[PDB]
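Only one chain is shown below, in C-alpha cells, and it's the form deposited in one PDB entry.
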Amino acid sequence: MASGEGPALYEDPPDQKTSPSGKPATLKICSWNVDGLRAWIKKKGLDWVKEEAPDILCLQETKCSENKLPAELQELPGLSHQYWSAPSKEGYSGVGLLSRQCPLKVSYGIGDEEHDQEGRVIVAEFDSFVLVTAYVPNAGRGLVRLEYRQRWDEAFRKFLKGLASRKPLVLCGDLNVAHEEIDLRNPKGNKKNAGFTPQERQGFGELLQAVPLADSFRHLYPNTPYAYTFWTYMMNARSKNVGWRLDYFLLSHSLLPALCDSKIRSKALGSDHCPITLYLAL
C-alpha cells in the first residue's frame, strides 16, 4: 500500500551554550545508540565524537562483549575513563560510558537481578550529579516482550527515584519509546508497534511524574515537530525524515536552571540513530 509520508524538514536550532541565568555551559554530554560498536567505528563514529568533543559520551547497543573491545577506543585520549556493561551471552544490547574526568563511582544495572543480565545500564556518580545511561528493552516484534518491558519500566522508575532522592540525576540513552504523537512521524500507524504502544507511552509519563524528571528537549522545544533520533534503515526512512524520537536526556527538576540546550545531531551518520547532545551549566 502507498506510503503517505514525503520529506519533512527539521533543522536543529543552533547550540545555545548559555543558561537562562547567563552561565556558560560547563558540561557537554553526548548519547548515541551506535547499532554495534565495531560497525559504528568502521563508519567513522569516533571521528564524529572527536569533533563533537563531549565531556562524557554514552553509547547504547554496543553489541560488544566487555572482553572484546575494539582497540580503536584506545585512541580517545579526551575520554580516557571508559566503562562498559554487556550481557552476562554476546553480540546484543550493551552500553558504554566514556568520560573525560573520572567518576566518583561507577555501578552497573539497577539493583534488580532479573533486569541486570542484559548490559543495559551504567551509573556514573560525579560531584554535583549522577549520570545514568540506559538501553531500555524493546517491546519486541508482535509485542512479545511488552509484558517484560512493563516490569522493566516499573523497576527502572523505582531505581531512578531512589538515585534522584540523593543527588540530581541526568538519564540519557535509548528509552525505546516515542512519548507523544509529536515524537514520531507516523503515530496513527504505530499505536500497536513497539515504541508507541499505550503501555510504553504511559510508562514514560509515569517515569517523568514519579522520579520526577523533565524531558530536556521537549522542555526547550515544546511544540517543535519532526525532531527524531531514529529512522529505520529500510523504506528510505531517514531521507524522508520518517523517524521516531527514542533518545532522550531526562533531568531532575533542580537541573533545569542549568539547562543550556538539548540537541539532536540529525546529520551525524554511522547508525540508524543519531547522537543527542546536552549542554549543562553545572
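Just count from 1 along the sequence shown to find any residue number. Just so we're on the same page, rigid core means the largest C-alpha set that superposes within 1.5 Å between forms.
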property	result
Stretch departing more from the displayed form, 178-186 or 108-116, Cα RMS in 4 other deposited structures of this protein (core fit)	108-116
In 4 other deposited structures of this protein, rigid core aligned: more displaced of 168-176 and 73-81 by C-alpha RMS	73-81
Entries skipping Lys89: at least a third of other ones	yes
Length class of the unmodelled deposited segment, which would lie between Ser88 and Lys89	1 to 3
Given 240-248 and 218-226, the range whose Cα B-factors average higher in the PDB entry	218-226
Stretch with the greater mean C-alpha B-factor as recorded in the entry, comparing 23-31 against 66-74	66-74
Top Cα B factor in the deposited entry, candidates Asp174, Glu200, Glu181, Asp112	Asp112
Among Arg166, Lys105, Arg157, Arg120 - the residue whose C-alpha B-factor is largest in the record	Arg166
Relative C-alpha B-factor of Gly96, binned into the chain's lowest, middle or highest third	lowest
Chain third (lowest, middle, highest) by recorded CA B-factor, residue given as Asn193	highest
CA B-factor ranking of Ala39, expressed as a third of its chain	highest
Ranked against its chain, the third holding the CA B-factor of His273	lowest
CA B-factor ranking of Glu61, expressed as a third of its chain	lowest
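Below, we refer to the form solved in complex with a small molecule, which is not included among the displayed structures.
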query	finding
Residue among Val49, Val242, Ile56, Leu213 with a heavy atom within 4.5 Å of the small molecule in the deposited bound form	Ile56
Selected contact from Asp127, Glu75, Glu114, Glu147, since only one has a non-hydrogen atom within 4.5 angstroms of the small molecule in the deposited bound form	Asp127
Listed range touching the small molecule, judged in the deposited bound form by heavy atoms within 4.5 Å, from 37-45, 65-73, 220-228, 24-32	24-32
Contact label in the deposited bound form: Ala8 to the small molecule, heavy atom within 4.5 Å	no
In the deposited bound form, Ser99 touching the small molecule (heavy atom, 4.5 Å)	yes
